[PDB]
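Structure first, then comments.
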Amino acid sequence: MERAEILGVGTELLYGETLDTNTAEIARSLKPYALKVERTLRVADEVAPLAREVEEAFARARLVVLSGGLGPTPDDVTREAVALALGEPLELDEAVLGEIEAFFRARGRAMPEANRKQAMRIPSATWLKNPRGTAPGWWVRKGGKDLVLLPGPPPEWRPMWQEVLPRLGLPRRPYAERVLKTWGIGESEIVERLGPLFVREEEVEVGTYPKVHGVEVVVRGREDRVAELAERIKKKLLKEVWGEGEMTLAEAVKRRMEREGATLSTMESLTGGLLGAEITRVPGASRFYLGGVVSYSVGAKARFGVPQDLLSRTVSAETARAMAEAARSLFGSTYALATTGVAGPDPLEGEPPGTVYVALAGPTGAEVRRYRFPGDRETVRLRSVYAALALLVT
Amino acid sequence: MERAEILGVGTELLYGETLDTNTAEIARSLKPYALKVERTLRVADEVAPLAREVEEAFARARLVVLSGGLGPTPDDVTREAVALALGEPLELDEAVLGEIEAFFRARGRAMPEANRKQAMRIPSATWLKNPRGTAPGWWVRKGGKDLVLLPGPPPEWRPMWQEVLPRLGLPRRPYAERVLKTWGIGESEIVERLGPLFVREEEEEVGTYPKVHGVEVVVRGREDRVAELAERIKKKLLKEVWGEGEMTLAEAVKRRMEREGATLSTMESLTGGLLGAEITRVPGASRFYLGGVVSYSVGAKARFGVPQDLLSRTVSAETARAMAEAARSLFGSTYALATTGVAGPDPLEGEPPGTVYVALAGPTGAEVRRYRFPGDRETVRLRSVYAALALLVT
Ligand SMILES: Nc1ncnc2c1ncn2[C@@H]1O[C@H](COP(=O)(O)OP(=O)(O)OP(=O)(O)O)[C@@H](O)[C@H]1O
Ligand SMILES: Nc1ncnc2c1ncn2[C@@H]1O[C@H](COP(=O)(O)OP(=O)(O)OP(=O)(O)O)[C@@H](O)[C@H]1O
Ligand SMILES: [Mg+2]
Ligand code: NA
Ligand code: NA
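Which chain is which? The protein sequence lines are B and A, in order.
Here the first sequence is numbered in the deposited numbering, starting from 1 and rising by one per residue.
Here the second sequence is numbered in the deposited numbering, starting from 1 and rising by one per residue.
Here is the structure:
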């Protein structure tokens with residue numbers, strides 16, 4: 001079985017100033033392919049060391065993938081290094097140069113000269129287009145082998161990689177992942193409900209992963225086994241599974257709103273906007289989402305419809321219902337969501353961090369759910385948002 | 001300057017099934033020492049591969065630190081591999097085997113037969129006591145070179161490493177690092193601006209790291225050189241620097257509001273709440289942030305005071321200004337921020353994804369800034385949030 005080598009370029013990665021997720025993500029994406037990954041490197045932004053790593057990786061591998069160091073600064077050296085490692089000169093490509101000048105002209109700026117080095121390639125490199133920045137990628141095919149250069153930021157390289165991967169002509173293996181997402185049920189109760197279906201072999205395995213949007217049950221391994229097995233697991237978890245694969249809670253809400261021809265608004269205290277943020281993450285949200293109020297002070301809550309009588313008692317079911325009713329009547333939406341309670345670090349009104357009420361107000365009346373969430377400030381905020389969305393999809 | 005290599009061992013670190021923070025925490029602890037860390041590695045639990053990597057590492061390094069693979073399973077193989085790499089045999093240490101039997105008797109159990117291997121050591125190795133788990137570590141001195149084996153889990157290895165590290169006799173140098181956080185200046189421009197101050201020598205180095213919150217400029221190396229080059233660099237870039245070190249934009253905004261005794265509110269369209277969300281990330285936001293609105297429909301935009309004549313050009317500096325001044329009057333706040341623009345993926349009002357206006361209104365007037373962000377929907381939304389916060393800290 002042939003080897004893939006994966007190097008993430010960046011001095012900041014050595015020290016975790018940025019945590020290297022790229023090498024693991026790229027390794028995860030290679031699972032459907034018969035290549036072995038024996039190691040992954042993080043390498044400093046330095047030519048001679050980087051060139052040596054590349055020279056070695058290339059000699060042993062069917063595929064070498066790199067990330068990072070495709071920028072314009074003296075710390076961007078991946079191209080020089082790869083050129084050194086493969087013993088080819090850098091040549092300026094005038095057409096890509098022009099694409100870079102146009103990118104800057106479009107912003108009413110002059111292209112700084114430094115950028116020229118991004119238009120630079122070796123004779124065996126093909127370009128990988130990067131519409132999301134100035135740093136295009138490389139794809140070198142040489143002696144049966146592939147070497148791909150990718151930009152550091154994920155928002156840049158993910159699409160680039162998606163595009164080039166199938167074309168590499170790597171040998172396939174019938175590997176699958178199925179991710180089933182649940183809400184309102186802990187890991188143990190899941191393992192219990194599954195019983196024997198909770199298998200863990202060389203062929204197929206099943207895991208629980210706790211996440212802020214509920215516990216995921218991940219089935220992986222051989223395609224056919226993942227298929228039969230996940231089918232039975234969804235079966236036995238029919239009540240708690242809200243979605244699969246790339247389905248999110250915000251997207252299940254969008255599909256319910258468009259089915260019903262219904263609208264939504266929000267009123268938020270502890271979440272500070274995050275619940276609006278999360279509804280609007282999904283493209284097409286303006287088809288149903290009218291807007292929201294972040295009522296972060298006592299003046300804001302009164303102004304936008306929460307009774308006076310309730311302003312000194314914000315950690316309460318009564319408050320979360322009043323906020324959801326306030327937003328629904330202000331905006332005129334079919335449905336309205338509200339989040340109130342204690343994020344952390346400090347307790348509030350004699351209640352501890354993680355004490356949260358989420359409310360849904362709709363045509364037939366309001367509902368409130370009390371939660372007691374584990375985690376720090378930002379984790380409690382996150383789980384609150386998902387619990388608010390869950391009032392609509394579970 | 002001599003090399004330090006750092007290897008994390010475990011197949012699950014390659015795939016990020018477990019997140020490798022060990023190699024980075026080790027690299028950081030090595031800072032006060034005149035060693036160059038050129039790379040960090042993660043390696044599969046496989047004896048022949050790991051051996052070759054230890055061998056290559058040991059050949060080129062003054063220090064080699066391995067993490068993990070010290071358990072009892074057929075997949076814990078670090079000892080064998082070190083053994084093999086250094087051409088020395090594994091020996092049972094009866095005393096350490098005794099300590100391992102005491103560990104299991106303490107829990108009322110017999111030691112399983114697998115745990116035998118945890119007492120193997122090579123002749124060149126002294127023992128490193130693990131008083132929090134079963135596997136002790138090794139310190140190997142040979143050829144004027146050190147090689148340390150450490151357990152995987154951090155509560156085990158951290159006290160072990162902290163103990164052995166000052167004994168290794170590594171050469172010391174006074175280290176510093178300064179982290180300058182800027183907004184509103186591109187990476188190419190930072191280079192040009194800084195000119196000959198963008199040093200990359202052995203003693204001293206200056207690096208740029210793009211983030212969604214702004215380009216970070218990092219100086220690291222010899223202490224006297226770092227303070228000098230950071231103060232001149234900060235002088236060149238004085239307008240664009242909003243924070244140092246751990247500072248986030250939300251925190252800087254917080255510092256300015258408290259400093260002046262001032263309040264803030266927001267009005268958001270394309271960001272959807274993510275501005276309020278980022279502001280309220282920081283404990284004690286309630287002391288200055290009164291709240292905000294998310295004006296995501298045309299009706300909400302009118303309800304909350306975008307002028308009617310602007311409803312068909314929401315993508316404009318005119319509308320941003322008016323959103324800001326409305327939010328201000330609506331909450332009675334000293335200042336207010338607004339965002340408006342095209343998130344993507346679709347154009348709006350004839351303008352392409354990435355076209356964004358942010359605005360700040362205050363007691364002496366308002367100001368607007370326009371951007372053309374190149375990335376996907378989620379990146380545009382996040383760059384916008386930081387673009388707005390930057391208006392208060394320039
Ligand atoms: N391996 C990685 N894992 C996660 N994030 C990364 C990784 N590499 C880089 N990043 C993020 O992306 C930025 C990219 O840095 P780098 O300067 O290497 O990219 P580049 O290839 O030069 O491309 P660009 O000029 O497009 O940023 C880093 O500051 C970091 O925030
Ligand atoms: N590189 C790493 N970075 C951060 N955490 C790690 C790393 N490696 C391991 N861990 C943590 O500790 C565990 C490591 O298990 P591993 O088998 O590597 O340890 P070991 O040295 O064999 O000793 P033990 O038998 O006590 O696990 C992981 O499951 C994870 O919690
Ligand atoms: Mg770069
Ligand atoms: Na920040
Ligand atoms: Na807002």
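Each residue gets a CB set at the ideal place from its N, CA and C atoms; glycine is no exception.
- Around the Cβ of B:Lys254, a 10 Å sphere holds 16 or more other Cβ atoms; the residue is buried.
- By the neighbour-count criterion, in which a residue is buried when 16 or more other Cβ atoms sit within 10 angstroms of its Cβ, B:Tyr296 is buried.
- When the Cα atoms are used, B:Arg42 and B:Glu55 turn out to be separated by approximately 15 Å.
- Between the alpha carbons of A:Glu156 and A:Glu246 lies a distance of about 28 Å.
- With the criterion set as a beta carbon lying under 7 Å from some beta carbon of chain B, the members of the segment 164 to 190 of chain A are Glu187, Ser188, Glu189, in sequence order.
- According to the DSSP assignment, A:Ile26 belongs to the alpha helix (DSSP H) that extends over 22 to 29.
- Against A:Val293, the close residues of chain B are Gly291, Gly292, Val293, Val294, in the order they occur along the chain (beta-carbon pairs closer than 8 Å).
- What A:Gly276 touches in chain B, judged by beta-carbon distance under 7 Å, is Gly272, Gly273, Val294, going in chain order.
- Taking C-beta atoms under 8 Å as the contact rule, A:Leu237 and A:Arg173 fail to qualify, at a distance of about 27 Å.
- Nearest to A:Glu163 by C-alpha distance, out of A:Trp139, A:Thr182, A:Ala326, A:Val179, is A:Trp139.
- Shortest gap from the CB of B:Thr18 to any heavy atom of ligand 1: under 7 Å.
- Between the segment 227 to 241 of chain B and the segment 173 to 190 of chain B there are three or more inter-stretch CB-CB distances shorter than 8 Å, so the stretches are counted as touching.
- Around B:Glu278, the same chain offers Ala250, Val385 as residues with beta carbons nearer than 6 Å, after the five sequence neighbours per side are excluded.
- The contact set of A:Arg222 on chain B, defined by CB atoms closer than 7 Å, is empty, because the minimum CB distance reaches about 16 Å.
- In this structure the segment 248 to 264 of chain A touches the segment 281 to 293 of chain A; the number of beta carbon pairs closer than 8 Å is three or more.
- The Cβ neighbour count for A:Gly284, taken over all protein chains shown within 10 Å, is under 16; the residue is labelled exposed.
- DSSP, reduced to helix, strand and coil, places A:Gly245 outside both helices and strands of the structure shown, so it counts as coil.
- With a cutoff of 8 Å on beta-carbon distance, B:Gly291 and A:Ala300 are scored as near each other.
- B:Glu231 sits in a helix when the DSSP states are folded into three classes.
- B:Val356 and A:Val217 have their C-alpha atoms some 40 Å from each other.
- Ordered by chain, the residues meeting the criterion of a beta-carbon within less than 5 Å of a non-hydrogen atom of ligand 3 are B:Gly71, B:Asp76.
- With three or more CB-CB distances shorter than 8 Å, the segment 27 to 47 of chain A counts as touching the segment 1 to 9 of chain A.
- For A:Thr319, the closest Cβ of chain B is not nearer than 8 Å.
- For the segment 77 to 104 of chain A, the set of residues with a beta-carbon nearer than 7 Å to any beta-carbon of chain B is empty.
- At a Cβ-Cβ threshold of 8 Å, A:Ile26 and A:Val82 do not count as neighbours.
- Look at B:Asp20 here: in three-state DSSP terms it is coil, with no helix or strand label.
- No heavy atom of ligand 1 is found nearer than 7 Å to the CB of B:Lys301.
- When distances are taken from the beta-carbon of B:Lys234 to the heavy atoms of ligand 1, even the shortest one reaches 7 Å or more.
- The three-state reading of DSSP puts B:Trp139 in strand, counting E and B together.
- Only buried fits A:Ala230, as 16 or more other CB atoms lie within 10 angstroms of its CB.
- In chain order, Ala262, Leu392, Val393 place their CB closer than 8 Å to the CB of B:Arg256, counting only its own chain and leaving out the 5 sequence neighbours on each side.
- Ligand 5 has no heavy atom closer than 7 Å to the beta-carbon of A:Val282.
- B:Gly10 has its alpha-carbon roughly 17 Å from the corresponding atom of B:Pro136.
- Residues of chain B with a Cβ closer than 9 Å to the Cβ of A:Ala44 are, in chain order, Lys36, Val37, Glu38, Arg39.
- Rounded to the nearest whole angstrom, the C-alpha separation of B:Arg116 and A:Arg39 is 28 Å.
- Counting every other CB atom within 10 Å of its CB across the protein chains shown gives A:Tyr357 a total of 16 or more, marking it as buried.
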